[PDB]
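Take a look at the structure tokens below, where one protein chain is shown in two forms, each on its own, as structure 1 and structure 2.
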Structure 1
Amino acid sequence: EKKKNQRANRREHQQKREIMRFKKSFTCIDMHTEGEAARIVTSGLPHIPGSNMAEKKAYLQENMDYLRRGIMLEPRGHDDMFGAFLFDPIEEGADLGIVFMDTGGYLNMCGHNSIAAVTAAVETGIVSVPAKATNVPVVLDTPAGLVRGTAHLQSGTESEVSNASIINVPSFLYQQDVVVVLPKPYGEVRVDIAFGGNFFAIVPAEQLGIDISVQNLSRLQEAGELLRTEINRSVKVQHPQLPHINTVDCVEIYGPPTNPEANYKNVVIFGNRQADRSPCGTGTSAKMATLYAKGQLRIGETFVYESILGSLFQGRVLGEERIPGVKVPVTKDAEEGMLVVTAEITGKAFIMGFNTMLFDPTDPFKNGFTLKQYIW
């Protein structure tokens, strides 16, 4: 009896250690930022060259797209998964290197994921907290530049984060009152184009004729897709100092708030008819840049943006600059130079899982799949 179960358990032990022999694994911290997923890969990635984060992202995108697909798509992920790969920092001042992605492709900047990364870095001990600290800087070296994060620690704890802030890369209004003639039932609409880490078309829900609600999400997704498509066919949008960045990525649709604390509600449509569940950090930065450029938001004033789910992000414009010699369609005098703003965005991320992802060399879905169709 006893020998039989002792022999049994040892065979069972042997089976277990056989598992991860000759199988690739990555370790991940699964977070969400007010409903939006962020899979942060902390170990197991192949070694990637690059003398800066933009070059690392280019390498990934050119040579190792299979990493993204397998981690983001079904069956390990799903069509609304977002994520990030952590690397050593390169740029002076940074704590962590990071490259973002989603089910469509690798990305330059992502605000909700940056908030999640700052949070996870502190809560899991990736960066040290000096004794007695109540705020912990976490500076991210991203393909879009340096993103200066702060984890705000819960009082009484050494590493529990109440919420996190990021200082985004420079944001700016790009072009104003752009008319786009969309098919019925939408008709013509007037939008702003702004950059907040990604380019956004910002448009009022009222122009589209649709109230922002979960039940209207498919209508919003289709309006968003139509608008984005027609913009990139008819309007030249390019970053005037980072020329790798040059098309309209997202459509930010805003309307009246449902929560009293918020200025506005929004939903961001991006990728292939996807919607952000969070209020969207770079989209919030872009909105604040636009409001600022129009005299509707003061430096230091708190701006609160609500998502389709009711979540809030808070932000503030910290400062502005002109860039002598550089211009965008909204800039009046190239001499004076274009107006940029520095914005901080704050929100809350939660740890939802510690994951070890496995890739069997004989799994035909080792690189994932999607069932979502691009409708052309």
Structure 2
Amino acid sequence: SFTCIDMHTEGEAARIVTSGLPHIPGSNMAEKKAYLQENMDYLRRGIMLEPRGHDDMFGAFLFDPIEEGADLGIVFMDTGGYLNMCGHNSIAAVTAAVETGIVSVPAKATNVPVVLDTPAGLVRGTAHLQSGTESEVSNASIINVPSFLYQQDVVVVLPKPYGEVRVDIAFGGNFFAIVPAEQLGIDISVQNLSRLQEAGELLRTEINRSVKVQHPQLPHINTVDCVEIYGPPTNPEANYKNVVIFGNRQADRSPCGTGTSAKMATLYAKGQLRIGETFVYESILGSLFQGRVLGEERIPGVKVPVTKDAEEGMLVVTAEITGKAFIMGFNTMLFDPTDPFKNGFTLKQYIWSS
């Protein structure tokens, strides 16, 4: 049996496994993720998939922190595999840590830091407390790992009825292909969600076939794992609306924190967003996240495709993302060794271009 704190962040699940896991080696969180992925993938499958989960479930395993200064180690998972970072799950974990007492709250504290050691690096979170409560969280922010536009105006050819599209590749904790919905000929709407999933899958697969990406500081991150499809906002408070397609072409119900970070890095690189300016991203559900670019930095002697010959070094930015998570369940998940679906199942069919 495993104990879980089932959270959701504005409609998007985050199943946070807090106890009962087998002991896992690894000298950092990236190696722990690799160990799970390579040797114990049955854990993910049983916890994420039907019948205990479903095709759009998401979650994370907690571990002791390893990187200096962190409160919790975390490895994220979904219906397909393992993302190096997740903003909505980070917001959920920061929230759960404070509300359930995994991390202590100083006396008279109105903000409580919760630092996550993730496969993509250190993620500095803050739970913003409800005034007059000891540990009720109003919302939570996360300062993401450095983000960056990687490659601009990448042209890929998808099968009909999509054909040729142009995207940006950016890192926000995961590598994203960021594309306007208009180029796909699909409005972002609940009605089009299945098509959005198919386009996202086709675009992700085609991008990884034709562009080889590599995070220049983190060897293990060498694929594009997420497709961010954006368009005009519905809520007048939002700058844009988006849906991210990832995992086994599941869709984020949240605006997606890493995807927002990647979008903000891209806008910033193009001069379209100032440091400290509030950016508001809306989801397919109408949910909002707020983000701000906190700073920028050039890394001398390190280039990505977008980095100019004249430029000694790549531009990165540090972005903060804010959202609200709720506890939806305290769960003890059970696995009878004679249960034929102890490792879950899906009825979703795979798709691929011919």
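Definition used throughout: the rigid core is the maximal C-alpha set that superposes within 1.5 Å between two forms. One-based numbering along structure 1's sequence throughout.
Taking the rigid core as the superposition reference, indicate whether the CA of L318 shifts 2 angstroms or more between the two structures.
The answer is no, as the C-alpha of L318 shifts between the two structures by less than 2 Å after core alignment.
Is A334 among the residues whose Cα moves by 2 Å or more between the two structures after superposition of the rigid core?
Yes.
Give the C-alpha shift of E158 between the two structures, in Å, after superposing the two forms on their rigid core.
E158 is displaced by 0.4 Å at its C-alpha.
How much does the C-alpha of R273 move between the two structures, in Å, given a rigid core overlay?
Residue shift at the C-alpha: 2.1 Å.
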